[PDB]
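Inspection log for the structure reproduced underneath, given as structure tokens.
Numbering (the authors' numbering), first residue to last: 31 to 90, 92 to 124, 126 to 135, 138 to 141, 143 to 301.
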């Protein structure tokens with residue numbers, strides 16, 4: 031209802047970034063190589079001239096993705112990849129840890148993050164000292180999506196202006212953490228959901244988990260081209276509308292589809 035064309039194109043661009051995080055060619059690639067996607071999984075960034083600044087594969092959980100520069104759109108993107116074995120990853124997905133360093139407490144996710152955190156923050160600082168006029172964006176899909184969200188909420192403690200673009204992100208922490216992510220003056224947050232996606236539903240909210248807002252929920256089905264008319268914004272934090280309002284189930288093909296097959300390049 032309330033979404034523009036250029037913002038829709040930005041959402042598609044960052045979902046294609048998250049999809050390029052799946053390409054094994056873009057992972058562990060030598061710095062300086064351009065971003066390429068098998069089966070045109072990301073032609074909007076592949077034709078945007080994004081250069082790989084760093085590519086990481088298996089560090090810490093399975094932290095995999097790339098930090099890249101985009102001078103056509105003038106921004107530095109840190110995109111995390113989900114899980115190579117996503118169906119084995121959704122099975123053991126519900127422990128909670130004490131994450132009062134941001135507080138209120140988060141979920143494995145923060146484990147892998149704080150494992151890669153010092154090195155990735157050093158590289159991010161170098162990249163943003165390179166181009167101080169570029170926007171810092173963290174993004175990802177599924178597991179990586181979580182690694183993106185926390186990955187931002189732990190770097191806004193410093194004077195970092197970070198925009199977040201998660202696709203099919205699970206729940207990371209309590210309701211206080213959702214409120215903190217919702218109310219933060221260090222950049223805007225774009226949480227994207229799609230249909231009967233069981234990944235934003237898990238871990239269950241009964242067990243203390245909660246997801247922040249706004250929720251950008253697309254009404255399009257699986258394996259179907261999407262239009263901005265199908266995208267609705269949801270304002271209530273931890274709202275039973277959109278994805279969380281969809282009934283229980285395991286529509287994994289709905290999690291496979293986010294503006295295109297986001298997980299099909301590994």
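Just so it is clear, CB atoms sit at the ideal spot from N, CA and C, and this is done for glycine as well.
### Query
For residue 54, which of 69, 35 and 147 has the nearest alpha-carbon?
Among 69, 35 and 147, the Cα nearest to that of residue 54 belongs to 69.
### Task
Measure the beta-carbon distance from residue 196 to residue 171 and round it to whole angstroms, keeping in mind my assumption that it falls under 8 Å.
6 Å
### Query
Are the segment 272-280 and the segment 232-242 in contact at 8 Å, needing three or more beta carbon pairs?
Between the segment 272-280 and the segment 232-242 there are three or more C-beta pairs closer than 8 Å, enough to call the two in contact.
### Query
Which stretch, first to last residue, makes up the alpha helix (DSSP H) that contains residue 217?
210-217
### Task
Taking only the alpha-carbon atoms, compute the straight-line gap between residue 286 and residue 233 and give it to the nearest angstrom.
7 Å
### Query
When we look at the beta-carbon of residue 165 and count the other beta-carbons within 10 Å, is it buried (16 or more) or exposed?
exposed
### Exposure label - residue 122; buried when at least 16 CB within 10 Å
By the 10 Å Cβ count, residue 122 comes out exposed.
### Task
Would you mind listing the beta strand (DSSP E) stretches within the segment 232-261 that are 3+ residues and don't spill past its ends, in chain order?
250-253
### Task
Can you say whether residue 31 is buried or exposed, counting buried as having 16 or more other CB atoms within 10 angstroms of its CB?
exposed
### Task
Have a look at residue 89 and residue 204 and give me their C-alpha separation to the nearest angstrom.
20 Å
### Task
Mind reading off the beta-carbon distance from residue 78 to residue 104? Whole number of angstroms is fine, and I expect it under 8 Å.
6 Å
### Task
Would you tell me roughly how many angstroms separate the C-alpha atoms of residue 169 and residue 63, rounded to the nearest one?
20 Å
### Query
What are the partner residues of residue 292, as DSSP defines its beta bridges?
296
### Message
I need the DSSP call for residue 153, collapsed to helix, strand or coil.
### Response
helix
#### Entry: Status (buried if at least 16 other CB within 10 Å, exposed otherwise) for residue 198
buried
### Query
Can you name the start and end residues of the alpha helix (DSSP H) that residue 180 belongs to?
178-188
#### Entry: For residue 137: DSSP bridge partner residues
In the structure shown, the chain runs from 135 directly to 138, leaving residue 137 without coordinates.
### Message
Under 8 Å: do the segment 110-124 and the segment 175-188 share three or more Cβ pairs, one atom per stretch?
### Response
Yes, the segment 110-124 touches the segment 175-188.
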